[PDB]
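Starting off, we have a lone chain in the form deposited in one PDB entry, written out as structure tokens.
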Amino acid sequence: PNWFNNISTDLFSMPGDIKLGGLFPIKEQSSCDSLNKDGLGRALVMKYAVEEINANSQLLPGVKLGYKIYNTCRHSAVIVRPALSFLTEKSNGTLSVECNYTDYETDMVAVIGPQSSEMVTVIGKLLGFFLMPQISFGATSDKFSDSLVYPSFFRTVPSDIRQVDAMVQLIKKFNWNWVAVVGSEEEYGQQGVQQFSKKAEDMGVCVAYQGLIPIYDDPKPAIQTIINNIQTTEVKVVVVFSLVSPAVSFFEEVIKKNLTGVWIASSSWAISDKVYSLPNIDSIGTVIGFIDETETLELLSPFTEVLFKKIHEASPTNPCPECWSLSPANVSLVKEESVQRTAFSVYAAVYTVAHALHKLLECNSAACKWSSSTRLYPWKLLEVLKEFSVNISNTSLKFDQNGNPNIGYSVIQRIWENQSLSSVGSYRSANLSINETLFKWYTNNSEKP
């Protein structure tokens, strides 16, 4: 693909006629000092999508798409400034105090991200007031499905209200009725634990115990209570609706008290390398996982190879201070399973906006109703995106009135022996469809609990 040769070495800022704001968890706290490989990779996917759209002379013909990506640090204090900067007047660089922003042209026309539901609760109503479309590629709380509360929110991954229905349907399928649910203590894990419990109660499933793993604090004292309650309930099905970092601390302690049983994984750690790379993790038993059902971007890796070479060539000339030392060696960032299987969500987010812009500017393949006098108000873009239909690659993407997508789940299982993921079924609409014969049960006699 020869348009690869023309791509620039600018990771987090691309000049353009119309700009998208991006928000990714690229450097977190361990002071945002700690690089998050997946967040960087998901940012690379936006880079790739935008380059590709600009190389397509029939999509936004003669109109260049640019962007500005910022690190969220999964922290309120950090994310607020980037979000406000998206709202400054395009020609001024400042945010005016106004009562009426209808004729006000923001520097960005739409926002891609953030990844985190905790983060959407920080900026969502702000961006909502400006009716700035935000498309999240990772935020799954059902809180955002109310458009009276979050007026401009879209996402390319499904609501967790569907994921827990998938989870409770699987548990019913395996005739388990006494289960324990563990969540990380913040928007995602809290909503997921509540949602799971109302659905488990409603679907005749007894929840023996509920627990929350701290994300500030030291989680270890809370964790030992949780594991105690799990052991003394003598339950062996545990649903873990958690972000990676607290789930690691959780399973670290599970191991050191060699507990086993069935473990149900939310999408946030169902394919996490940091969880699965823990010493003696293969001790814990069977891990069943749910992840968004996505295409693979076949061009992502080639793209990154070329990009990282161009960047290395340009390494001597900020979301990620140390990223200018990137190299073709670091192509592993995008080839990690986490990135690969979620990449389409970033991609579709960017293309969705692109196609919407195409329609708003009344483009055909040859030209757009666009010039340098053209002022883009995010609220006019929002009208187009409402209940939007778009073929992206081989996916027919449709947003409902809630901003939720027609994207379902792939049910998976961790196979310890070759450290891999096997596909054992799927969740599309409200239909869970799995094949029991495809499950490997990590037990004494290798049968099901």
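Numbers for residues come from their place in the sequence shown, where the first is 1.
Although it is not shown, the form deposited with a small molecule bound is what the next lines describe.
Which one of these stretches, 362-370, 108-116, 297-305, 77-85, sits within 4.5 Å of the small molecule in the deposited bound form when only heavy atoms are counted?
Looking at the other structure, the answer is 108-116.
Looking at the partner-bound form in the deposited bound form, is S141 within 4.5 Å of the small molecule by any heavy atom?
Residue-level check for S141: yes, a contact with the small molecule.
Although the partner isn't part of this model, could you tell me whether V235 comes within 4.5 Å of the small molecule in the deposited bound form, counting any heavy atom of the residue?
No, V235 sits far enough from the small molecule in the deposited bound form that none of its heavy atoms falls within 4.5 Å.
Would you classify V244 as touching the small molecule in the deposited bound form, given a 4.5 Å non-hydrogen atom cut-off?
Looking in the deposited bound form, residue contacts with the small molecule include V244, since a heavy atom lies within 4.5 Å.
Examine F251 and determine whether its closest non-hydrogen atom to the small molecule in the deposited bound form is within 4.5 angstroms.
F251: no contact with the small molecule in the deposited bound form.
Looking at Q195, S268, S159, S152, which has any heavy atom no more than 4.5 Å from the small molecule in the deposited bound form?
None of the other options qualify; the answer is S268.
Among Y351, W263, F130, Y188, which has any heavy atom within 4.5 Å of the small molecule in the deposited bound form?
Of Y351, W263, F130, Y188, the residue with a heavy atom within 4.5 Å of the small molecule in the deposited bound form is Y188.
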